[PDB]
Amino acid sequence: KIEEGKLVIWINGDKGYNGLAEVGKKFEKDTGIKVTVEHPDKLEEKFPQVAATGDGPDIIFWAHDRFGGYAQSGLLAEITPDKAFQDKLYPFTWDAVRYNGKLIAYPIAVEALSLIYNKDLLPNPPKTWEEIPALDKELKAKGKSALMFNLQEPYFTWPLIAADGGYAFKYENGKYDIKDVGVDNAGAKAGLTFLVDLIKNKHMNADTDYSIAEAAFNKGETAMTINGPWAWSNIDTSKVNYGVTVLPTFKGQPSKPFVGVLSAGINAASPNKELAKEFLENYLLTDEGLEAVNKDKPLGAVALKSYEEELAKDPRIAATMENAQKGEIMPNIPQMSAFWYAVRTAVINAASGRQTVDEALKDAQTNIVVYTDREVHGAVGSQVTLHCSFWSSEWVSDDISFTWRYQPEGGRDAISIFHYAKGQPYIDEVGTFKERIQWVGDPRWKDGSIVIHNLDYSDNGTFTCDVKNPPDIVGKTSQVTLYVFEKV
């Protein structure tokens, strides 16, 4: 439950919260109203959790993308500044916080990821992703690495994934098609494939997270990192001589970071809505208010026209804006939340080798355990496909095995005719099917199918497919019966 004569604010711990607290101190001096600034972990998830019982902060700071979901659920107060105030901020920043015709937050700043590079290691940073492996080998021989960035959050890997064609939700005449997701298409696969072979080639580590990449760059251990304007303060402190530049191209195309508008929403259960509007409108969104936050941790390109114009000469801000121009604004639709957890899981699963990129992105796109046909009929001379597939909770072992057995009709015993094991198909030269079996399976899609060519009358019998995918060293089986005809 929310008290009542004061303001509690949540903001991410990577942003200028001490600078925000100082604006809080000034508000408190003028008004006598206490302003507490907190930075809870995963506050983007904590907010809806507690705001559903009417709990949480009076005001929450996050990128605009999460606010559609908050608004849909009725967690945010409608924002109603007059036209005079609105005119103080860029119109596009207001569009980012409009949901279902209503303004539901105040925009603060435009963030995009950039390439950051150590000028003493790399006076001339690569223009291209494809250069990076060769660069890394050079730098490795000198006890350094080429690149480290946060691999745990899809925000950071998305620019590469989207570069050659990936998208979240298709944008089509004024609206997002929630049914048309582009995390599976050929472009997205190429981008994530490039990323996982950086890892498989030891140019990056699948475990690398935000703290590890920041520490490595700031200690001069790696030549480049990918991060937003909040990060620049920490590198200034370290003294590393850095530049901030355009992200490398991939297959000749710009990297495409998702652009965020840092925004401040007012809790619908806040008894302090007029005080919150006063703070944000009269204290935060002023040159001095934004300056105080910005000098703590850089904001990016601020929403407030006067101060954006003041800051716009900074070439690090120019680079941020150039990267944003090449990327695209995040949708603010409530589905964004599902999108992010889907791609997060796909990246981690692909980066660790639990899935191939195809498998991984299929699942993201979407977010009797053995199957054979019952009975197949063939003509003499024809070929028949003997489908076999399975479903499992396990990743695909490789060590995965498939075995086909055959039992002639009226016959006694089932004999092996085909075996897939340790990555290779073996036929059997014993076979009455020798030179007539064809492997058409693919263990990566949990498929063990074969084709029998040039059917004969005496091929009549029952085939059994047996699959082991080790965890899972217990054989699951299914049977298919073949009848061969002159015709029918």
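When you see a residue number, it is the position in the sequence shown, counting from 1.
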Residues with no coordinates between residue 367 and residue 368 in the deposited sequence, how many: none, 1 to 3, 4 to 9, or 10 or more?
10 or more
The stretch carrying the higher mean Cα B factor in the deposited entry, 24-32 or 429-437, is 429-437
Mean CA B-factor: is it higher for 276-284 or for 148-156?
276-284
I'd like to know which of 228, 74, 257, 125 has the highest C-alpha temperature factor in the PDB entry.
125
Select one of 82, 322, 95, 209: the residue whose C-alpha shows the highest B-factor in the crystal structure entry.
82
Entry-reported C-alpha B-factor of residue 53 relative to its chain, by third, is highest
With respect to C-alpha B-factor, does residue 63 fall in the lowest, middle or highest third of the chain as deposited?
lowest
Chain third (lowest, middle, highest) by recorded CA B-factor, residue given as residue 470:
highest
When the deposited Cα B-factors of this chain's modelled residues are ordered and cut into thirds, is residue 218 in the lowest, the middle or the highest one?
middle
Residue 172: which third of its chain by C-alpha temperature factor?
highest
